[PDB]
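For reference, the structure is listed below as structure tokens.
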Amino acid sequence: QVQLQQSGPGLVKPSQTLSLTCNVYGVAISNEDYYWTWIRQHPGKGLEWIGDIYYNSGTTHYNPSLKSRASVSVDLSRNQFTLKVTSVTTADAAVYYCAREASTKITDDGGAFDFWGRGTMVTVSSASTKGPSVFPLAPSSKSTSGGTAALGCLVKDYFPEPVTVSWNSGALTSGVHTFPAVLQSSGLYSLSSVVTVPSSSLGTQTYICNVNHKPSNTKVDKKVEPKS
Amino acid sequence: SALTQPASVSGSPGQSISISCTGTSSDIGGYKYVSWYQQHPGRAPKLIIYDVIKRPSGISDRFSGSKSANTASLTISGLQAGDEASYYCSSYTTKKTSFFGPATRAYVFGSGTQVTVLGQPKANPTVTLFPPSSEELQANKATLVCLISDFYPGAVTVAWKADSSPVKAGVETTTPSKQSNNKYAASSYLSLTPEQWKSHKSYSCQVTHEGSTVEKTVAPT
């Protein structure tokens with residue numbers, strides 16, 4: 001029933017203020033049974049409880065580790081709640097999760113985080129963002145073996161992570177594979193997205209990839225035809 | 001500060017496996033609110049155990065858990081291939097905000113334990129090698145794309161050859177990453193100039209994996 005949407009992923013500069021929003025569906029935040037919690041996961045590390053808020057009390061609680069640099073707010077007109085972390089450093093860069101804390105009974109002090117969000121990726125860098133360049137990896141006699149044929153998009157020179165690639169507006173999902181990105185010496189990321197398809201669909205059926213770079217607010221649509 | 005946990009624990013299919021989470025007195029040793037979270041690469045965590053023993057709705061009986069003193073245990077019986085993910089223990093705790101004052105509520109997580117399943121069938125990588133597009137060449141760039149999907153275990157060796165001779169400069173290769181089907185994928189990139197591309201007969205990408213080798217070859221045409 002419960003569904004939690006976090007804001008889009010993002011770049012934040014050092015010594016500036018991180019701010020994330022979490023939209024709640026299926027249950028009210030004004031509720032009495034649930035604390036609403038923020039948790040982050042550092043790259044290649046375990047989880048870290050950031051802080052939570054309980055509405056009926058109005059009391060917020062935080063992890064002393066953040067030196068009181070974090071604050072949690074609520075907005076009932078939209079049934080959403082937000083986290084604000086100030087004076088961020090490279091050590092605050094992470095994948096931020098928003099979760100619902102639920103107990104067995106109101107008498108119980110604690111509980112567990114049953115429902116989580118997909119997570120927003122927050123990168124901390126003074127360097128500017130950059131939208132991706134999208135080159136077509138065209139199908140050919142090389143990317144073929146009998147009845148199957150592989151075609152793709154090269155998403156090159158972009159920063160920061162992540163990027164959302166789709167094919168034909170999220171319709172074609174059969175055979176799609178997006179590889180994780182390489183980190184070039186320049187600091188810019190690059191990745192490929194390839195879809196495997198029938199061979200008898202290259203001349204007729206059209207294939208369009210849709211690349212979305214939210215960190216830099218770029219959206220590219222590219223058609224990948226067979227070379228001619 | 002995080003709860004102590006073994007970096008990795010492994011077991012063969014069908015058998016039971018146990019993951020111990022060592023805490024303190026201010027949590028687990030003190031409180032009943034210990035829980036477990038499963039996290040596949042690289043989705044969000046999901047609840048599987050809470051209040052030491054109880055399972056949420058939708059979780060199989062295979063996932064059991066217990067507590068003793070200041071240590072909790074997660075016992076997975078009837079082990080399967082889909083139970084290959086990261087498992088974190090969490091606990092309710094209490095801490096002092098300032099040096100003094102009432103102890104504020106908090107939660108503490110574990111380091112995490114990587115569960116590996118034994119005796120999975122080895123898989124050979126599907127290799128692809130794309131040449132530079134005309135558009136990229138127009139931009140004065142040139143990148144050969146060597147994609148390596150669906151192999152097991154996650155150990156592979158990539159190499160690039162200009163015509164028949166190896167090349168080391170310009171090579172950028174991803175580390176293997178776990179797929180949903182527990183197999184591994186990876187990709188490699190060879191950045192050149194249009195001059196290097198058009199002034200050679202062929203370019204090749206070698207993939208070596210468990211005795212098998214696969215060399216893909218492209219050419220400027």
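Labeling convention for the structure tokens: chains A, B, ... as they appear, residues from 1 per chain, ligands from 1 in order of appearance.
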**Request:** Provide as a list in words the residues of chain A at most 6 Å from chain B, counting only C-alpha atoms.
**Result:**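 Selected residues: residues 46, 47, 49, 64, 110, 111, 114, 118 and 182 of chain A.
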**Message:** Just list as JSON, numbers by chain whatever in stretch 2-212 of chain B DSSP marks as helix (DSSP H, G or I).
**Reply:** {"B": [81, 82, 83, 134, 135, 136, 137, 138, 194, 195, 196, 197, 198]}
**Prompt:** Excluding same-chain residues fewer than 3 positions from residue A:151, what lies within 9 Å of it counting only C-alpha atoms, as number ranges by chain?
**Reply:** A: 136-140, 143, 193-197, 207, 224-226
Once you have the residues from the selection above, write them out as a PDB file, in the first residue's frame, restricted to N, CA, C and O atoms.
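The new file result-v2.pdb reads:
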ATOM      1  N   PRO A 136      25.120   6.935 -31.415  1.00  0.00           N
ATOM      2  CA  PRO A 136      24.409   5.694 -31.721  1.00  0.00           C
ATOM      3  C   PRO A 136      25.353   4.527 -31.980  1.00  0.00           C
ATOM      4  O   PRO A 136      26.201   4.625 -32.864  1.00  0.00           O
ATOM      5  N   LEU A 137      25.218   3.456 -31.204  1.00  0.00           N
ATOM      6  CA  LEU A 137      25.889   2.194 -31.506  1.00  0.00           C
ATOM      7  C   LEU A 137      25.013   1.413 -32.473  1.00  0.00           C
ATOM      8  O   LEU A 137      24.102   0.690 -32.059  1.00  0.00           O
ATOM      9  N   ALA A 138      25.291   1.580 -33.763  1.00  0.00           N
ATOM     10  CA  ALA A 138      24.410   1.090 -34.816  1.00  0.00           C
ATOM     11  C   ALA A 138      24.498  -0.424 -34.983  1.00  0.00           C
ATOM     12  O   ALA A 138      25.573  -1.006 -34.826  1.00  0.00           O
ATOM     13  N   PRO A 139      23.364  -1.069 -35.308  1.00  0.00           N
ATOM     14  CA  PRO A 139      23.414  -2.506 -35.581  1.00  0.00           C
ATOM     15  C   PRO A 139      24.182  -2.794 -36.868  1.00  0.00           C
ATOM     16  O   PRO A 139      24.279  -1.920 -37.728  1.00  0.00           O
ATOM     17  N   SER A 140      24.727  -3.999 -36.988  1.00  0.00           N
ATOM     18  CA  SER A 140      25.497  -4.373 -38.164  1.00  0.00           C
ATOM     19  C   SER A 140      25.722  -5.881 -38.217  1.00  0.00           C
ATOM     20  O   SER A 140      25.235  -6.624 -37.364  1.00  0.00           O
ATOM     21  N   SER A 143      27.378  -6.955 -34.774  1.00  0.00           N
ATOM     22  CA  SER A 143      26.552  -7.148 -33.583  1.00  0.00           C
ATOM     23  C   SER A 143      25.332  -8.021 -33.897  1.00  0.00           C
ATOM     24  O   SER A 143      24.198  -7.663 -33.568  1.00  0.00           O
ATOM     25  N   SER A 193      24.241   1.533 -23.366  1.00  0.00           N
ATOM     26  CA  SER A 193      22.983   0.818 -23.199  1.00  0.00           C
ATOM     27  C   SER A 193      22.668   0.082 -24.485  1.00  0.00           C
ATOM     28  O   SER A 193      22.498   0.705 -25.533  1.00  0.00           O
ATOM     29  N   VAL A 194      22.593  -1.242 -24.404  1.00  0.00           N
ATOM     30  CA  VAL A 194      22.360  -2.062 -25.583  1.00  0.00           C
ATOM     31  C   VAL A 194      21.099  -2.887 -25.420  1.00  0.00           C
ATOM     32  O   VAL A 194      20.869  -3.482 -24.371  1.00  0.00           O
ATOM     33  N   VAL A 195      20.288  -2.912 -26.469  1.00  0.00           N
ATOM     34  CA  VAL A 195      19.137  -3.788 -26.511  1.00  0.00           C
ATOM     35  C   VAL A 195      19.359  -4.821 -27.608  1.00  0.00           C
ATOM     36  O   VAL A 195      19.844  -4.510 -28.711  1.00  0.00           O
ATOM     37  N   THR A 196      19.037  -6.061 -27.255  1.00  0.00           N
ATOM     38  CA  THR A 196      19.095  -7.191 -28.164  1.00  0.00           C
ATOM     39  C   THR A 196      17.698  -7.438 -28.713  1.00  0.00           C
ATOM     40  O   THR A 196      16.728  -7.495 -27.956  1.00  0.00           O
ATOM     41  N   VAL A 197      17.602  -7.571 -30.032  1.00  0.00           N
ATOM     42  CA  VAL A 197      16.316  -7.673 -30.710  1.00  0.00           C
ATOM     43  C   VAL A 197      16.371  -8.681 -31.854  1.00  0.00           C
ATOM     44  O   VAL A 197      17.448  -9.145 -32.219  1.00  0.00           O
ATOM     45  N   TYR A 207      13.852   2.046 -33.517  1.00  0.00           N
ATOM     46  CA  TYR A 207      14.379   1.982 -32.156  1.00  0.00           C
ATOM     47  C   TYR A 207      14.951   3.317 -31.708  1.00  0.00           C
ATOM     48  O   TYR A 207      15.914   3.823 -32.285  1.00  0.00           O
ATOM     49  N   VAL A 224      18.476   4.907 -33.396  1.00  0.00           N
ATOM     50  CA  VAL A 224      19.598   4.074 -33.821  1.00  0.00           C
ATOM     51  C   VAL A 224      19.222   3.221 -35.033  1.00  0.00           C
ATOM     52  O   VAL A 224      18.715   2.109 -34.886  1.00  0.00           O
ATOM     53  N   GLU A 225      19.476   3.753 -36.228  1.00  0.00           N
ATOM     54  CA  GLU A 225      19.212   3.034 -37.471  1.00  0.00           C
ATOM     55  C   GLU A 225      20.404   2.178 -37.895  1.00  0.00           C
ATOM     56  O   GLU A 225      21.528   2.405 -37.444  1.00  0.00           O
ATOM     57  N   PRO A 226      20.165   1.191 -38.774  1.00  0.00           N
ATOM     58  CA  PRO A 226      21.287   0.446 -39.356  1.00  0.00           C
ATOM     59  C   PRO A 226      22.093   1.322 -40.315  1.00  0.00           C
ATOM     60  O   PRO A 226      21.499   2.070 -41.092  1.00  0.00           O
TER      61      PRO A 226
END
**Request:** Within 7 Å of stretch 61-72 of chain B, counting only C-alpha atoms, which residues show up once you throw out same-chain ones fewer than 2 positions away? Write them as number ranges by chain, please.
**Result:** B: 20-25, 28-29, 52-53, 59, 74-78
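Residue nearest residue B:85, chosen from B:101, B:58, B:41, B:119 and counting only C-alpha atoms: B:41.
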**Asked** In Å to one decimal, how far is atom CA of residue A:178 from atom CA of residue B:120?
**Response**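 Taking atom CA of residue B:120 and atom CA of residue A:178, their separation equals 24.0 Å.
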**Item:** Contacts of residue A:70 within 7 Å, only C-alpha atoms, excl. fewer than 6 positions in-chain, as number ranges by chain
**Value:** A: 84-86
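Excluding residue B:198 itself and same-chain residues fewer than 3 positions from it, the residues having an atom within 12 Å of it are residues 131, 132, 134, 137, 140, 142, 162, 163, 192, 193, 194, 195, 201, 202, 203, 218, 219, 220 and 221 of chain B, counting only C-alpha atoms.
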Restrict the selected residues to N, CA and C atoms and save them as an mmCIF file, in the first residue's frame.
data_model
loop_
_atom_site.group_PDB
_atom_site.id
_atom_site.type_symbol
_atom_site.label_atom_id
_atom_site.label_comp_id
_atom_site.auth_asym_id
_atom_site.auth_seq_id
_atom_site.Cartn_x
_atom_site.Cartn_y
_atom_site.Cartn_z
ATOM 1 N N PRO B 131 32.341 -0.512 -33.122
ATOM 2 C CA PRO B 131 33.309 0.468 -33.617
ATOM 3 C C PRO B 131 32.812 1.897 -33.401
ATOM 4 N N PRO B 132 33.639 2.901 -33.726
ATOM 5 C CA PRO B 132 33.203 4.289 -33.571
ATOM 6 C C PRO B 132 32.130 4.644 -34.588
ATOM 7 N N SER B 134 29.936 7.232 -37.031
ATOM 8 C CA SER B 134 30.316 8.332 -37.907
ATOM 9 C C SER B 134 30.229 9.656 -37.157
ATOM 10 N N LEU B 137 33.135 10.228 -34.960
ATOM 11 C CA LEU B 137 34.299 10.545 -35.778
ATOM 12 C C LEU B 137 34.235 11.989 -36.259
ATOM 13 N N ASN B 140 35.612 14.291 -33.882
ATOM 14 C CA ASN B 140 37.055 14.102 -33.712
ATOM 15 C C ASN B 140 37.399 13.132 -32.576
ATOM 16 N N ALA B 142 36.863 8.986 -31.014
ATOM 17 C CA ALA B 142 36.730 7.619 -31.494
ATOM 18 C C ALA B 142 36.855 6.691 -30.303
ATOM 19 N N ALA B 162 45.654 -3.586 -31.511
ATOM 20 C CA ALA B 162 45.663 -2.847 -32.770
ATOM 21 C C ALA B 162 46.211 -3.756 -33.875
ATOM 22 N N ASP B 163 45.373 -4.031 -34.874
ATOM 23 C CA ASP B 163 45.650 -5.055 -35.881
ATOM 24 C C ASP B 163 45.932 -6.371 -35.158
ATOM 25 N N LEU B 192 40.516 6.313 -28.885
ATOM 26 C CA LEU B 192 41.541 6.604 -29.877
ATOM 27 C C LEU B 192 41.289 7.961 -30.522
ATOM 28 N N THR B 193 41.981 8.211 -31.628
ATOM 29 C CA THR B 193 41.701 9.354 -32.481
ATOM 30 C C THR B 193 41.222 8.804 -33.820
ATOM 31 N N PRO B 194 40.517 9.624 -34.613
ATOM 32 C CA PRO B 194 40.086 9.155 -35.936
ATOM 33 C C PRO B 194 41.272 8.726 -36.810
ATOM 34 N N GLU B 195 42.440 9.310 -36.545
ATOM 35 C CA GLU B 195 43.662 8.988 -37.279
ATOM 36 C C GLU B 195 44.128 7.572 -36.973
ATOM 37 N N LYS B 201 44.375 -1.669 -39.903
ATOM 38 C CA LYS B 201 43.587 -2.645 -40.640
ATOM 39 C C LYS B 201 42.429 -3.181 -39.799
ATOM 40 N N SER B 202 42.693 -3.452 -38.524
ATOM 41 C CA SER B 202 41.669 -3.979 -37.633
ATOM 42 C C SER B 202 41.981 -3.669 -36.174
ATOM 43 N N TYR B 203 40.943 -3.654 -35.348
ATOM 44 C CA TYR B 203 41.094 -3.531 -33.903
ATOM 45 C C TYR B 203 40.358 -4.683 -33.249
ATOM 46 N N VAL B 218 36.889 -5.549 -35.070
ATOM 47 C CA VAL B 218 36.254 -4.552 -35.929
ATOM 48 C C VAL B 218 37.281 -3.920 -36.866
ATOM 49 N N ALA B 219 36.796 -3.238 -37.900
ATOM 50 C CA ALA B 219 37.674 -2.573 -38.861
ATOM 51 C C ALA B 219 37.043 -1.282 -39.382
ATOM 52 N N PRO B 220 37.880 -0.346 -39.851
ATOM 53 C CA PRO B 220 37.351 0.943 -40.306
ATOM 54 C C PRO B 220 36.727 0.871 -41.699
ATOM 55 N N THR B 221 35.418 0.638 -41.756
ATOM 56 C CA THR B 221 34.698 0.616 -43.027
ATOM 57 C C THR B 221 33.217 0.909 -42.803
#
**Asked** Any idea what's packed within 7 Å of residue B:158, counting only C-alpha atoms, ignoring anything in its chain fewer than 5 positions away? Could you give it as number ranges by chain?
**Response** B: 206-208
**Item:** Proximity to residue A:87 - best of A:71, A:31, A:60, A:16, only C-alpha atoms
**Value:**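 Closest residue, counting only C-alpha atoms: A:16.
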**Prompt:** By how many Å are atom CA of residue A:152 and atom CA of residue A:227 apart?
**Reply:**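 Separation between atom CA of residue A:152 and atom CA of residue A:227: 12.7 Å.
One distance worth recording is that between atom CA of residue A:55 and atom CA of residue A:115, which is 17.7 Å.
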**Prompt:** Taking only C-alpha atoms into account, which of A:62, A:124, A:105, A:74 comes nearest residue A:91?
**Reply:**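 For residue A:91, the nearest of the candidates is A:124.
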Taking only stretch 110-175 of chain A into account, list the residues labelled strand (DSSP E or B) by DSSP (computed from the backbone), as a CSV table (one decimal) with N, CA, C and O atoms, in the first residue's frame.
chain,number,residue,atom,x,y,z
A,112,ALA,N,10.9,-1.3,13.2
A,112,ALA,CA,11.8,-1.6,12.1
A,112,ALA,C,11.3,-0.8,10.9
A,112,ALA,O,10.1,-0.4,10.8
A,113,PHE,N,12.2,-0.5,9.9
A,113,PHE,CA,11.9,0.2,8.7
A,113,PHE,C,11.3,-0.7,7.7
A,113,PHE,O,12.1,-1.3,6.9
A,114,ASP,N,10.0,-0.9,7.6
A,114,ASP,CA,9.4,-1.8,6.7
A,114,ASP,C,9.4,-1.3,5.2
A,114,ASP,O,10.0,-1.9,4.3
A,115,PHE,N,8.9,-0.1,5.0
A,115,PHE,CA,8.9,0.5,3.7
A,115,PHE,C,10.0,1.5,3.5
A,115,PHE,O,10.3,2.4,4.3
A,116,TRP,N,10.7,1.4,2.3
A,116,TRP,CA,11.8,2.2,1.9
A,116,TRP,C,11.5,2.9,0.6
A,116,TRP,O,10.6,2.5,-0.1
A,120,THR,N,17.8,8.4,-3.5
A,120,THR,CA,18.4,9.4,-4.3
A,120,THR,C,19.9,9.4,-4.2
A,120,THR,O,20.4,9.4,-3.1
A,121,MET,N,20.6,9.5,-5.3
A,121,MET,CA,22.1,9.5,-5.2
A,121,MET,C,22.6,11.0,-5.2
A,121,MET,O,22.3,11.8,-6.1
A,122,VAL,N,23.3,11.3,-4.1
A,122,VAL,CA,23.8,12.6,-3.9
A,122,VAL,C,25.3,12.6,-3.9
A,122,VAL,O,26.0,11.9,-3.1
A,123,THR,N,25.9,13.3,-4.9
A,123,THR,CA,27.3,13.4,-5.1
A,123,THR,C,27.7,14.8,-4.6
A,123,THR,O,27.1,15.8,-5.0
A,124,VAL,N,28.9,14.9,-3.9
A,124,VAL,CA,29.4,16.2,-3.4
A,124,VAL,C,30.7,16.6,-4.1
A,124,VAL,O,31.7,16.0,-3.9
A,130,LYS,N,27.6,18.1,-16.1
A,130,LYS,CA,27.7,18.1,-17.5
A,130,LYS,C,26.7,17.1,-18.1
A,130,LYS,O,26.8,15.9,-17.8
A,133,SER,N,26.9,13.2,-23.9
A,133,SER,CA,26.8,13.1,-25.4
A,133,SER,C,26.3,11.7,-25.7
A,133,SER,O,26.8,10.7,-25.1
A,134,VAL,N,25.4,11.6,-26.7
A,134,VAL,CA,24.7,10.4,-27.0
A,134,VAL,C,25.0,9.9,-28.4
A,134,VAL,O,24.5,10.5,-29.4
A,135,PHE,N,25.9,9.0,-28.6
A,135,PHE,CA,26.3,8.5,-29.9
A,135,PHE,C,25.5,7.2,-30.2
A,135,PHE,O,25.3,6.4,-29.2
A,136,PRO,N,25.1,6.9,-31.4
A,136,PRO,CA,24.4,5.7,-31.7
A,136,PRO,C,25.4,4.5,-32.0
A,136,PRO,O,26.2,4.6,-32.9
A,137,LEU,N,25.2,3.5,-31.2
A,137,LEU,CA,25.9,2.2,-31.5
A,137,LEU,C,25.0,1.4,-32.5
A,137,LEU,O,24.1,0.7,-32.1
A,144,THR,N,25.6,-9.2,-34.5
A,144,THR,CA,24.5,-10.1,-35.0
A,144,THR,C,25.0,-11.5,-34.8
A,144,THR,O,26.2,-11.8,-35.0
A,145,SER,N,24.1,-12.4,-34.5
A,145,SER,CA,24.3,-13.9,-34.6
A,145,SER,C,23.0,-14.6,-34.9
A,145,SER,O,22.3,-15.0,-34.0
A,148,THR,N,19.2,-12.9,-33.9
A,148,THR,CA,19.3,-11.9,-32.9
A,148,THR,C,20.3,-10.8,-33.4
A,148,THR,O,21.2,-11.1,-34.1
A,149,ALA,N,20.0,-9.5,-33.0
A,149,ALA,CA,20.8,-8.4,-33.3
A,149,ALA,C,20.9,-7.4,-32.2
A,149,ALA,O,19.8,-7.1,-31.6
A,150,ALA,N,22.1,-6.9,-31.9
A,150,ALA,CA,22.3,-6.0,-30.8
A,150,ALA,C,22.5,-4.5,-31.3
A,150,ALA,O,23.4,-4.3,-32.1
A,151,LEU,N,21.7,-3.6,-30.7
A,151,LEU,CA,21.9,-2.2,-31.1
A,151,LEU,C,21.9,-1.4,-29.8
A,151,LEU,O,21.3,-1.8,-28.8
A,152,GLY,N,22.6,-0.2,-29.7
A,152,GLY,CA,22.7,0.5,-28.5
A,152,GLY,C,23.0,2.0,-28.6
A,152,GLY,O,23.2,2.5,-29.7
A,153,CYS,N,23.1,2.6,-27.4
A,153,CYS,CA,23.5,4.0,-27.3
A,153,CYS,C,24.7,4.2,-26.4
A,153,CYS,O,24.8,3.6,-25.3
A,154,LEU,N,25.7,4.9,-26.9
A,154,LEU,CA,26.9,5.3,-26.2
A,154,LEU,C,26.6,6.6,-25.5
A,154,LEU,O,26.5,7.7,-26.1
A,155,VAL,N,26.5,6.6,-24.2
A,155,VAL,CA,26.4,7.8,-23.3
A,155,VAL,C,27.7,8.2,-22.8
A,155,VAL,O,28.2,7.6,-21.8
A,156,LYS,N,28.3,9.2,-23.4
A,156,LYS,CA,29.7,9.5,-23.2
A,156,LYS,C,29.9,10.9,-22.6
A,156,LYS,O,29.1,11.8,-22.9
A,157,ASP,N,30.9,11.1,-21.8
A,157,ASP,CA,31.3,12.4,-21.2
A,157,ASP,C,30.1,13.0,-20.5
A,157,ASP,O,29.4,13.8,-21.0
A,158,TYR,N,29.8,12.5,-19.2
A,158,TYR,CA,28.8,13.1,-18.4
A,158,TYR,C,29.2,13.1,-16.9
A,158,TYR,O,30.0,12.3,-16.5
A,159,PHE,N,28.6,13.9,-16.1
A,159,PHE,CA,28.9,14.0,-14.7
A,159,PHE,C,27.8,14.8,-14.0
A,159,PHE,O,27.3,15.8,-14.5
A,164,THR,N,19.5,7.7,-16.3
A,164,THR,CA,18.4,6.8,-16.6
A,164,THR,C,18.3,6.6,-18.1
A,164,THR,O,17.9,7.6,-18.8
A,165,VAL,N,18.5,5.4,-18.6
A,165,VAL,CA,18.4,5.1,-20.0
A,165,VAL,C,17.1,4.2,-20.2
A,165,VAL,O,16.9,3.3,-19.5
A,166,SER,N,16.4,4.6,-21.3
A,166,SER,CA,15.2,3.7,-21.7
A,166,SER,C,15.2,3.6,-23.2
A,166,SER,O,16.0,4.2,-23.9
A,167,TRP,N,14.3,2.7,-23.7
A,167,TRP,CA,14.2,2.5,-25.1
A,167,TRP,C,12.7,2.5,-25.5
A,167,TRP,O,11.9,1.8,-24.9
